[PDB]
């Protein structure tokens, strides 16, 4: 049984405009992949979600972040990929990570927000 890569947008302004579905993907993740650890930590703290491993997906270390996320998915854990607040949110590194999961045949599920 494989984990799912959930792709989750963060709202601008009030974090209570997230959905329960979206926050559930964070609670249920083996790790949270993100491009802004500070904003991600603030988001987790807002919802009382403690102890989550954060995986940075910056360009330089992208290959390493991809390996880390693939390993978790293949081990059966979901991973949440959190994009910086904004809509639309541009992230080439994020896309690269989702692409890698899809190429490996792993489920990639966007979460409505």
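Residue numbers count along the first chain shown, from 1.
- The deposited model assigns a higher average Cα B-factor to 103-111 than to the other stretch when 103-111 and 2-10 are compared.
- Stretches 64-72 and 40-48 differ in mean C-alpha B factor, with the higher average recorded for 40-48.
- Per the deposited record, the Cα B-factor of residue 55 falls in the lowest third when ranked against the other modelled residues of its chain.
- For residue 89, the recorded CA B-factor ranks within the highest third of the chain. Only modelled residues enter the ranking.
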